[PDB]
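**Student:** What follows is a structure written as structure tokens; I'll ask about it next.
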There are 2 protein chains.
Amino acid sequence: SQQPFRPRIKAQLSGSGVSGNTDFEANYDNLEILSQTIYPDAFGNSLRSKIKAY
Amino acid sequence: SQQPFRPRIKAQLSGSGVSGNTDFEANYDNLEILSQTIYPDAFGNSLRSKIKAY
């Protein structure tokens, strides 16, 4: 269902987590999503033939 | 077979007529027929599309 498409990446997690008994809320890691929009493009070409006899 | 059409109406009589002993030929009435001619007319409209891809 061809539409302008939007592919997304997620960056690498690059935080220190938690050590030992510390719970996750002391260092939550941030998921980051980057995006791009790809709009379609129509293009074509045609060939016209001669008369059937030829 | 939709040809040009021609309807007709019969007009209503007027005119004095004859009185007494006067004979009919002294005032003949006119049986008047009126007609109209309706000629057909062709008319139409159109919508063109963009490329199938669009």
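In the structure tokens, chains take the letters A, B, ... in the order shown, each chain's residues start at 1, and ligands count up from 1 in the order shown.
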If we count only C-alpha atoms and set the cut-off at 9 Å, which residues sit around residue 8 in chain B, ignoring sequence neighbours fewer than 6 positions away in its own chain? Please answer as number ranges by chain.

**Tutor:** B: 33-36

**Student:** Can I get the selection written as a PDB file, in the first residue's frame, with C-alpha atoms?

**Tutor:**
```pdb
ATOM      1  CA  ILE B  33     -53.685  24.331 -35.576  1.00  0.00           C
ATOM      2  CA  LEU B  34     -50.470  25.558 -33.914  1.00  0.00           C
ATOM      3  CA  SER B  35     -47.313  23.503 -33.709  1.00  0.00           C
ATOM      4  CA  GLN B  36     -43.894  23.555 -32.126  1.00  0.00           C
TER       5      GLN B  36
END
```

**Student:** Pick out the chain B residues within 10 Å of chain A. Count only C-alpha atoms. Give them as a ChimeraX atom specification.

**Tutor:** /B:51,53-54

**Student:** Pairing every C-alpha atom in order, fit chain A onto chain B and give me the RMSD in Å.

**Tutor:**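 Between chain B and chain A, the C-alpha RMSD is 3.1 Å.
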
**Student:** Give me, please, the distance in Å between CA of residue 37 in chain B and CA of residue 5 in chain B, quoted to one decimal.

**Tutor:**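 Going from CA of residue 37 in chain B over to CA of residue 5 in chain B covers 5.5 Å.
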
**Student:** Skip range 9-22 of chain B itself and residues of its chain fewer than 2 positions away, then list as number ranges by chain all residues within 8 Å of it, counting only C-alpha atoms.

**Tutor:** B: 7, 24, 26-35

**Student:** If you run DSSP on this backbone, which residues of chain B come out as strand (DSSP E or B), and could you give them as a ChimeraX atom specification?

**Tutor:** /B:5,8-10,33-35,38

**Student:** Provide the CA of residue 47 in chain B to CA of residue 44 in chain A distance in Å, to one decimal place.

**Tutor:**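 Separation of CA of residue 47 in chain B and CA of residue 44 in chain A: 23.0 Å.
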